[PDB]
């Protein structure tokens, strides 16, 4: 009646994909999102092979490239201007390729599919107000800020790095530790060199610049420098100090990409955390994506891991909701499958970010 299978807090890329996968299975899903639907959150751009498998299982892979997603299989990494590593991800495995696809492009696609799933109801500009638990400490009722009351079998935090579900429903507090270098991303015209190949540049002074195409006709430039330097560089908004700083460690192959940086004003900061929560669930409440882990954005994997979590959670929840197994066993299974994968990328990110300056150490991180 007001009984539903799953109440998903947050309709980000993780939450959307979980809602679609559950809705495809005929589960009764309510998604609560505080923002308006059209609010575009720019975000990560990368899908790695495991994420691509989810997209492919959702029936979405063709539409990803039709909407500007790009299949790639190479990366060059430079340190102090010289090539350190070249990676061909498909040299052994034809499916080793990755995809560049803006988070918001993929989320809009998924939302279009949800629009046709009659068992899913998406509520925008809506928030959870209060919950009630039963004698077994499972949430049994949820009231929303519009006055709507629901009775869900399962509550999911897909609500991102400041997860309400984590903080308020599970009462978990997370220590922060900021990094000393921020990371910022800007969008520019696309140079032939960027269209050709992804190139990452780092230097012994702690500079980083990563150039890669996005969409049909744009390029990203992701940069990082120590905080005060980064501030000075972004202050000069016609961009001359940044172009010059890039020229110190970015060689001729990417000269046109550097010339494409006409200004600094549309650079955006990127969140940087370090987390992998030792529990992904309690009672009938589970979490995914940035609610449970924060990887250094140097890895590129924030969206990708949210999508991998979503798929594993949809599998585990489908089992529970079908009565193939007890919810606690299904949630325990979700955690065992995801935790080691998320942990490895969280460790890898931190190892990469802290080893920039040291050419040998940085190459060693790539290899291991």
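Numbering follows the first chain given and starts at 1.
Mean CA temperature factor is higher for 256-264 when stretches 68-76 and 256-264 are set side by side in the entry. In this entry, the higher average B-factor at the C-alpha atoms falls on 174-182, of the pair 117-125 and 174-182. Considering 159, 240, 112, 217 together, the PDB entry gives 240 the largest C-alpha B factor. Of the candidates 90, 163, 198, 105, it is 90 whose Cα B-factor is highest according to the PDB record. Residue 59 sits in the middle third of its chain by CA B factor, as recorded in the PDB entry.
Among all modelled residues in its chain, residue 33 ranks in the lowest third by Cα B-factor. Annotation for residue 82: C-alpha temperature factor in the middle third relative to the rest of the modelled chain, per the entry. In the PDB entry, residue 314 places in the lowest third of its chain by CA B-factor. Annotation for residue 50: C-alpha temperature factor in the middle third relative to the rest of the modelled chain, per the entry.
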